[PDB]
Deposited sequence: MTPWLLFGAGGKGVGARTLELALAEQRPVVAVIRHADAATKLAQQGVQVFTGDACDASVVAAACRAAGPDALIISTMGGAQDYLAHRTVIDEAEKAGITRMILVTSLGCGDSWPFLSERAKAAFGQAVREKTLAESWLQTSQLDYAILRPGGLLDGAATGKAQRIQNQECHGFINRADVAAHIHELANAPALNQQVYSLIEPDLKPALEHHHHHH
């Protein structure tokens, strides 16, 4: 059982904490061993062990610290959860969404590029609108495609888990929606 080090697990991160607990997996969290503050972040990277998987579900500053402290501390694998609208999915966000979430999606886009130019084995997850229903199992990982939709926080957790069990993350970026789920 590989350690998970969670950031922003107070949401998707909390649901991810649950799966880990329901599995008896050792978990470190910055908020199970609970610890932007480089001292805190450096500390937690030591506790997790260099074999930990980082799972981030958290602005730009917090992420860069995490990415940077991960690499100093010998961790080599990270799952970053941002949002549809980030990076190259930006042109598919409606003008109305840009005006409402723009600042947030833009900071998280900074985080993506930092991680994409790091040496971590990474996966990036771009969930649609987050709903708080119980996990269906119906959410899809989508690449190279225009997506619009919602997804339960618990399904993002389930996809995080599936990615975690993979032999490598492979620097992949995915949209995560459940087509046909309505809020």
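Missing stretches, numbered from 1 on the deposited chain sequence and kept in order | In sequence order, the gaps with no modelled C-alpha are 11 to 12, 34 to 46, 51 to 54, 78 to 81, 207 to 215.
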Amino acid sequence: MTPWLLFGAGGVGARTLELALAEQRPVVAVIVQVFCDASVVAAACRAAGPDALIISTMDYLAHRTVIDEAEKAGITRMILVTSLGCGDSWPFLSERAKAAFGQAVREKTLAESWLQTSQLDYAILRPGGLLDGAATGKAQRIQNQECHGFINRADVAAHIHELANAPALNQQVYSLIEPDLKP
From here on, numbers count along this sequence of modelled residues.
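According to the deposited model, is the average Cα temperature factor higher in 100 to 108 or in 71 to 79?
-> Comparing 100 to 108 with 71 to 79, the higher average CA B-factor belongs to 71 to 79.
Stretch exceeding the other in mean C-alpha B-factor - 13 to 21, 166 to 174 = Here the higher of the two C-alpha B-factor means belongs to 13 to 21.
Options 147, 40, 131, 158 - largest CA temperature factor per the record | By C-alpha B-factor in the record, 40 ranks first.
According to the deposited entry, which of 115, 36, 125, 54 has the largest Cα B-factor?
-> Out of 115, 36, 125, 54, the record gives the largest C-alpha B-factor to 36.
Give the position of residue 151 by CA B-factor within its chain, expressed as the lowest, middle or highest third.
-> For residue 151, whose C-alpha B-factor we compare with every modelled residue in the chain, the answer is the lowest third.
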